[PDB]
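Before any questions on how it binds or moves, here is one chain, the form deposited in one PDB entry, in structure tokens.
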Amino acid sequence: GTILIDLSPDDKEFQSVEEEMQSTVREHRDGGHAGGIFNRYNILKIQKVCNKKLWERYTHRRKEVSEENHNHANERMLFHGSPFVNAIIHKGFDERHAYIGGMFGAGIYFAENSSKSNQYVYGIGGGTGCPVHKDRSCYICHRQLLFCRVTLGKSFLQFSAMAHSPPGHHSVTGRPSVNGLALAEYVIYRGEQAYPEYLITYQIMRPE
């Protein structure tokens, strides 16, 4: 039931999504090992992901969380990078898209920094890189990220230098804690708490 609608580069929606992607690039402590060396992307396409069933599943859960949290879903728009991007847009998020080894337990991880999510496009630690060139810093192959609507509800704050949410909470917030430049990371434990709204196809660009 999923359809992908292309956004025109002239469309204001295209532009605000591209700005959030571009402006949330930062330097990483691995020096580019996992996600490659770049300061910006070449955006090739942005598509709206439309699936009535997944949307209703998301809104239903959103309403449950909101009613547990003084009518506040604490909804964010966050990046997600995964080798399973193609299953997620068709079937939604679930237990099979969890990161079992994650630092906040086995849940589904999301980032404010687009460049953090870029590190997982080819797998954990960037895996072995693009399938064509086996290169984690490939400047040629097309990459995809999701920009997702995520319900955090009451989020447990972890200061940091499928399982369950900590009791009384709906999510975990990974607060950046030595690297003063890093934005937060977030984890949910129910797939119904995210909807994959935009599919962004891009390349990382080699610095000149």
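A residue's number is simply how far along the shown sequence it sits, counting from 1. Residues that one form lacks are left out of the comparison. Under this definition, the rigid core comprises the largest set of C-alpha atoms superposing within 1.5 Å between the forms.
Across the other entries compared, none leave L183 without coordinates where the residues on each side are present, so it is far from a third. For the cut-off of one third of the other compared entries, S171 stays well clear, since all of them model it along with its flanks. In this entry, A161 and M162 are separated by 1 to 3 residues of the deposited sequence that lack coordinates.
Higher average CA B factor: 175-183, of the stretches 47-55 and 175-183.
For the pair 164-172 and 36-44, the record assigns the higher mean C-alpha temperature factor to 164-172. Annotation for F79: C-alpha temperature factor in the lowest third relative to the rest of the modelled chain, per the entry. Annotation for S114: CA B-factor lies in the lowest third of the chain's modelled residues. In this PDB entry, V132 carries a Cα temperature factor that places it within the highest third of its chain's modelled residues. Per the deposited record, the Cα B-factor of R62 falls in the lowest third when ranked against the other modelled residues of its chain. In the PDB entry, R29 places in the middle third of its chain by CA B-factor.
Not on display, but discussed next: the form deposited in another entry.
Only one of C50, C141, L183, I43 has its Cα shifted by 2 Å or more between the shown form and the other one after fitting on the core, and that residue is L183. Taking the rigid core as fixed, one finds a CA shift for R96 of 2 Å or more between the shown form and the other one.
In the other form, the Cα-Cα separation between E27 and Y99 grows by 3 Å or more relative to the displayed conformation. Put simply, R96 and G127 spread apart in the other form: their C-alpha atoms are 3 Å or more farther than in the form shown. In sequence order, 95-100, 178-183 are the runs of at least 3 consecutive residues whose Cα positions differ by 2 Å or more between the shown form and the other one once the rigid core is superposed.
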